[PDB]
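One structure below.
Hydrogens, waters and symmetry mates play no part in the numbers below; they use all other heavy atoms, side chains included. First the proteins, then the strands, lettered A, B, ... as listed; each starts at 1.
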Number of protein chains: 2
Amino acid sequence: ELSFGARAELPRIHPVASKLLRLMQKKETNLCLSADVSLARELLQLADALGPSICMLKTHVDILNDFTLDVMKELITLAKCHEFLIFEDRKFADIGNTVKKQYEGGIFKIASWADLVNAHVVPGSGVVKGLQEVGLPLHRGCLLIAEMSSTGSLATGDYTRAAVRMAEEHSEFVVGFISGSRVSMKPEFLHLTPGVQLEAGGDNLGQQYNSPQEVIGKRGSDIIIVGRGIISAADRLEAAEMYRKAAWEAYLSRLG
Amino acid sequence: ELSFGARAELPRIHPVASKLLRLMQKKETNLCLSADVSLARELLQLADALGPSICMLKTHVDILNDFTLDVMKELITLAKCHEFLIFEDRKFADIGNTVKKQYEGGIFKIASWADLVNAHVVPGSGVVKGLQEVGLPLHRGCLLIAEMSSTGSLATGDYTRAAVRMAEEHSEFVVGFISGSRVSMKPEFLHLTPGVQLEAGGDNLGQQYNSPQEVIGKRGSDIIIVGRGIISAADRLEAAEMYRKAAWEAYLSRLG
Ligand SMILES: NC(=S)c1cc(=O)[nH]c(=O)n1[C@@H]1O[C@H](COP(=O)(O)O)[C@@H](O)[C@H]1O
Ligand SMILES: NC(=S)c1cc(=O)[nH]c(=O)n1[C@@H]1O[C@H](COP(=O)(O)O)[C@@H](O)[C@H]1O
Ligand code: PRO
Ligand code: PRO
C-alpha cells in the first residue's frame, strides 16, 4: 500500500485524482464535507471556515434556494484559496445523450465549476461515455456509485462488480467510486464513503452510519463524506476537525 | 384486461393514475412527449401544438437554458388547456433525506408543478419514503425505474423484481414504472416505455429503440415515451400523430 502522496504519482493516475491526493497528503485531510444546506451564505461560510480541514466539498446545487453562477465563482475562489476540490453530487443516471446535456447545460452549467461529479451505473456504460464527451475536454473527473449506505441498497454483488469494471475500462475520466469499502484493487482509483458519523445509528429515512475508523481502517476506503455529523453540530469547525483527525489516523494506521 | 377508462376506476387506483387513464381514454392517446429541448419558447410551442396528441409531457427542467418558475406556470396552463400531465424526469436516486429536499426545494421547486416524477430504486425504499413525505401532501405520484432502454442496463432480473415490490408496497404514492415491458401484474400500475422509434436502430451513446407495436402490443406496456423520433422531425405535430396512432392501435389490438 502506497501513501496518498505516492498514489498521486502513479503512472495511470488521472490529473484530478493526482491534484486531490497531493492536497490530501499536504493538508493531512481525507475528509469531504457534504454541504447539504439551502443558503448560499451558509455554503460559502462553511467552505471558508472548514476549507483548511477538508480535501473536498460535496455540493447539492439543486437544494440551494439562491443558486447563481456567481455563488459558484465565490466557491471556486475559496476552493483555490484553501485547496480543496468541488464535487457536485448530481448522480447522473440515464442514457448518455441525456446526461451529456445535463452536465454541460441548463441553469447549473455543472461542468463549468465542478472538479468531480458522480454517476449511477444502472444505465450501462453510455452514462460514462455521455459525461466524458463534456468532461474530458474540460479536464474533469467522475466517480461511479458502486455501493450505497442506505437500507435496502441494490448496489451489491454483480452490480458493484459492474461499477468497478466500468470505472477500470474508462480510466481517462473515471477517477474512483462512491462506495462503503475498497471495491477496486487498483490504487489509482479513489474510494469515497458516505454514511459516516462518530456515533452509531442512522436516520428516519434509511441512512445507516459507520465510523471513520470502520470505513477507512477496516473497510479500506480513502475519504469520508460527512454531512449532518458536521452540519448539525453547533461548532462545525471543531466537528470537521474531529472527523478529519479520525479519518486521517485511521488511514495512517492502515498504511503502517 | 381492462381498458384505460376502466383501469381509471379500479378500487386501489391512485388519483394521479386515474386522471391520466381517463384523459388517455378520452383523447385516444398513450403518447408521452419527451420534450428534450433547451429553450423555454420551444418547450411551450411544442406543448401547445402537440398537447391534444399527448397524455403526458416529460420534462428535463435542468437542460432548459432559460428555466424560471414562470415558464412552468405557462406549461401548467397548457397542460390544463390540452389535458396532459407533466412528468419531470428527475431520476431521484439517493437516500430519503436528500431526495426529500431535492423534490421540494432549490430553484426548480419540482413538487410545485410536476404531477409525476421518477426515481431509481438502487438506494432502497428510503428513496420512495423521502419523496412521499413531500409528494403525498401535494397529491403527486411517482414512477419507479424498473428497466432501462440502454446497452448494458443493470435494471434486470432481481433489480427489476425489487422495483416492482417497492412500487406495490408504496401504492399510496407510486403509480407505475419506467420499464421496457409490463413488469407488474397489478392493473392499477402504469407502464411507461422510453427507447421508442418507428424505425429500428439506436444512438451513438447506448440508446436502443423498439417500435410502438413491439412495446405496447407484444411487451404489454401502456405508454410510449418518444423524444428525438418527434423532436428531430421537421413537422413535430405530424410525427406526434404518427406515434399516437401507432401506440393507440397497438393498445386496442392487445385489448381485443
Ligand atoms: N450521493 C452520495 S455521495 C451518497 C451515496 C450514498 O450511498 N449515501 C449517501 O449518504 N450519499 C450522500 O452523502 C450525504 C450523507 O449525508 P449525512 O447522512 O452525513 O448527513 C448526503 O448528501 C447523501 O446524499
Ligand atoms: N428517464 C427515462 S424516462 C429514460 C429511461 C430509459 O431507460 N431510457 C430513456 O431513454 N429515458 C429517457 O427517455 C428519453 C428518450 O429520448 P429519445 O431517445 O426518444 O430521444 C430521454 O429523455 C431519456 O432520458
Ligand atoms: O515528495 C512527495 O511529497 C511525494 C510523495 C511520494 C514521493 N514524492
Ligand atoms: O364511462 C366511462 O368512460 C368509464 C369507462 C369504464 C366504465 N366507465
**Request:** Indicate yes or no for a side-chain donor-acceptor contact from A:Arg254 to the backbone of A:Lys218 under 3.5 Å, with no hydrogens or angles considered.
**Result:** no
**Electrostatic pair B:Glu104:B:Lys109 at N-O distance under 4.0 angstrom** = no
**Request:** List the steps and the verdict of side chain to side chain contact (heavy atoms under 4.5 Å, CB included) for B:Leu143 and B:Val117.
**Result:** CA-CA 6 Å; B:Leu143 303 167; B:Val117 292; over 6 Å; no
**Asked** Can a donor-acceptor pair be found between the side chains of B:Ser34 and B:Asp36 at a distance below 3.5 Å?
**Response** yes
**Prompt:** So, are B:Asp94 and B:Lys100 salt-bridged, with charged N and O less than 4.0 Å apart?
**Reply:** no
**Request:** Any pair with a residue in residues 102-149 of chain A that passes ring-ring contact (aromatic ring centres under 6.0 Å, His included), sequence neighbours left out, goes on the list, sorted by first then second residue, please.
**Result:** A:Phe67-A:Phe108, A:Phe92-A:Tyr103, A:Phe108-B:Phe108
**Asked** Are B:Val121 and B:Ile145 close enough that some pair of their side-chain heavy atoms sits under 4.5 Å apart?
**Response** no
**Prompt:** Is A:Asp89 reaching over with its side chain to a backbone N or O of A:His60, donor-acceptor style, under 3.5 angstrom?
**Reply:** no
**Asked** Can A:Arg12 and A:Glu168 be counted as an ion pair, charged N to O under 4.0 angstrom?
**Response** no
**Asked** Considering all heavy atoms of both residues, which atom of A:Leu190 and which atom of A:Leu21 are nearest to each other, and what is their separation?
**Response** CD1-CD2, 3.8 Å
**Message:** Taking A:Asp115 first and then A:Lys19, would you say they form a salt bridge - that is, a charged N and a carboxylate O separated by under 4.0 Å?
**Reply:** no
**Cationic N near anionic O, under 4.0 Å, B:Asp203 to B:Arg228** = yes
**Prompt:** Relative to the ring of A:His82, is the ring of A:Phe84 parallel (under 30°), tilted (30 to 60°) or perpendicular (over 60°)?
**Reply:** parallel
**Asked** Do A:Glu147 and A:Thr156 pass the side chain to side chain donor-acceptor pair (under 3.5 Å) test, and can you show the C-alpha distance, the side-chain angles, and the key distance before you say yes or no?
**Response** CA-CA 6 Å; A:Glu147 300 177 322; A:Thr156 65; over 6 Å; no
**Fill in**
Output for pair (A:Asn30 CG, A:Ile223 CD1), nearest 0.5 Å, gives 7.0 Å
**Request:** Please check if the side chain of B:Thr160 supplies one atom and the backbone of B:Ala155 the other of a donor-acceptor pair under 3.5 Å.
**Result:** yes
**Item:** A:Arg219 (side chain) donor-acceptor with A:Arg182 (main chain) under 3.5 angstrom
**Value:** no
**Request:** Report, as yes or no, whether the 6.0 Å neighbourhood of atom CE on A:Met166 holds more than 12 heavy atoms from other residues, nucleotides or ligands.
**Result:** yes
**Message:** Distance check, rounded to the nearest 0.5 Å: A:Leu198 atom CG versus A:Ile224 atom CD1?
**Reply:** 7.5 Å
**Message:** Any non-hydrogen side-chain atom of B:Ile95 less than 4.5 Å from a side-chain atom of A:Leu205?
**Reply:** no
**Asked** To the nearest 0.5 Å, what is the distance between CD (B:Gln197) and OG (B:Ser232)?
**Response** 8.0 Å
**Message:** When you compare the side chains of B:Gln207 and B:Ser149, does any donor N or O come within less than 3.5 Å of an acceptor on the partner?
**Reply:** yes
**Message:** Check this for me: A:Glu199, atom CD, are more than 12 non-hydrogen atoms of other residues, nucleotides or ligands nearer than 6.0 Å?
**Reply:** no
**Request:** Determine whether A:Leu64 and A:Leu43 make a side-chain contact, defined as any pair of heavy atoms from C-beta on separated by less than 4.5 Å.
**Result:** yes
**Request:** Might you point out which heavy atoms bring A:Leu144 and A:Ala163 nearest each other, and give the distance in Å?
**Result:** CD1-O, 3.7 Å
**Message:** Is there a side-chain contact between A:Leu33 and A:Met56 in this structure, where contact means two heavy atoms from C-beta onward sitting under 4.5 Å apart?
**Reply:** no
**Message:** Looking at A:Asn210 and A:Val196, would you say the former's side chain and the latter's main chain have a donor-acceptor pair under 3.5 Å?
**Reply:** no
**Message:** To the nearest 0.5 Å, what is the distance between CH2 on A:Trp248 and SG on A:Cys55?
**Reply:** 9.0 Å
**Request:** Evaluate the side-chain proximity of B:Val175 to B:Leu116: yes if any heavy-atom separation is below 4.5 Å, no if none is.
**Result:** yes
**Message:** Looking at every heavy atom in both B:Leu69 and B:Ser112, which two are closest together, and how far apart are they?
**Reply:** CD2-OG, 4.4 Å
**Request:** Apply side-chain contact (heavy atoms from CB on, under 4.5 Å) to B:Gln132 and list each qualifying residue two or more places apart in sequence or on a separate chain.
**Result:** B:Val128, B:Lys129, B:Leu136, B:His170, B:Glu172, B:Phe173
**Asked** Do the side chain of A:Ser150 and the main chain of A:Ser153 share a donor and acceptor less than 3.5 angstrom apart?
**Response** no
**Request:** Ignoring hydrogens and angles, state whether a donor on the side chain of A:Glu249 or A:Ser253 is under 3.5 Å from an acceptor on the partner side chain.
**Result:** yes
**Prompt:** When you check the side-chain N and O atoms of A:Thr59 and A:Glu88, is any donor under 3.5 Å from an acceptor?
**Reply:** yes
**Message:** Please give me the minimum heavy-atom distance between A:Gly176 and A:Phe189, naming the atom from each residue.
**Reply:** N-CD2, 3.9 Å
**Trace of the salt bridge (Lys or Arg N to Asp or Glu O under 4.0 Å) decision for A:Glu42 with A:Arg236** = CA-CA 11 Å; A:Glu42 190 177 22; A:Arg236 274 87 76 93; 2.8 Å; yes
**Message:** Any non-hydrogen side-chain atom of A:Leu44 less than 4.5 Å from a side-chain atom of A:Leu78?
**Reply:** yes
**Message:** For the backbone of A:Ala40 and the side chain of A:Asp66, can you confirm whether one donor and one acceptor N or O come within less than 3.5 Å of each other?
**Reply:** yes
**Message:** Run A:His191 and A:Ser184 through side chain to side chain contact (heavy atoms under 4.5 Å, CB included) and show every step you take.
**Reply:** CA-CA 8 Å; A:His191 296 100; A:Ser184 175; 4.0 Å; yes
**Asked** Is the backbone N or O of A:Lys73 less than 3.5 Å from a side-chain atom of A:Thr77, with the two atoms forming a donor-acceptor pair by type?
**Response** yes
**Prompt:** Just by modelled atom types, is the A:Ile13 backbone N or O under 3.5 Å from a matching donor or acceptor in the A:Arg7 side chain?
**Reply:** no
**side chain to side chain contact (heavy atoms under 4.5 Å, CB included) assessment of A:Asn65 paired with B:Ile107** = CA-CA 6 Å; A:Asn65 289 334; B:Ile107 278 192; over 6 Å; no
**Flag side-chain contact, heavy atom, 4.5 Å: B:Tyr159 against A:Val122** = yes
**Asked** Should A:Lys26 and A:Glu83 count as an ion pair when the cut-off is N to O under 4.0 Å?
**Response** yes
**Message:** Contact between A:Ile216 and A:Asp222 at the side-chain level, heavy atoms closer than 4.5 Å - yes or no?
**Reply:** no
**Item:** N-O pairing of A:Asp62 and B:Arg90 below 4.0 Å
**Value:** yes
**Prompt:** Quick one: does A:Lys27's side chain have a donor or acceptor within less than 3.5 Å of a partner on A:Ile54's backbone?
**Reply:** yes
**Message:** Would you compute the distance between atom NZ of A:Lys101 and atom CD1 of B:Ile63 and round it to the nearest 0.5 angstrom?
**Reply:** 5.0 Å
**Prompt:** Where do A:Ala47 and A:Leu57 come nearest, in terms of heavy atoms and distance?
**Reply:** CB-CD1, 3.6 Å
**Asked** With A:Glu241, which residues qualify under salt bridge (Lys or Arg N to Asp or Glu O under 4.0 Å), at least two apart?
**Response** A:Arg244
**Message:** Tell me if the CD atom of A:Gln213 is crowded by more than 12 foreign heavy atoms within 6.0 Å.
**Reply:** no
**Prompt:** What closest approach, in Å, do B:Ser179 and B:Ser181 show between heavy atoms, and which atom pair accounts for it?
**Reply:** OG-O, 2.8 Å
**Asked** How long is the gap from CG on A:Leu46 to OG on A:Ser53, to the nearest 0.5 Å?
**Response** 11.5 Å
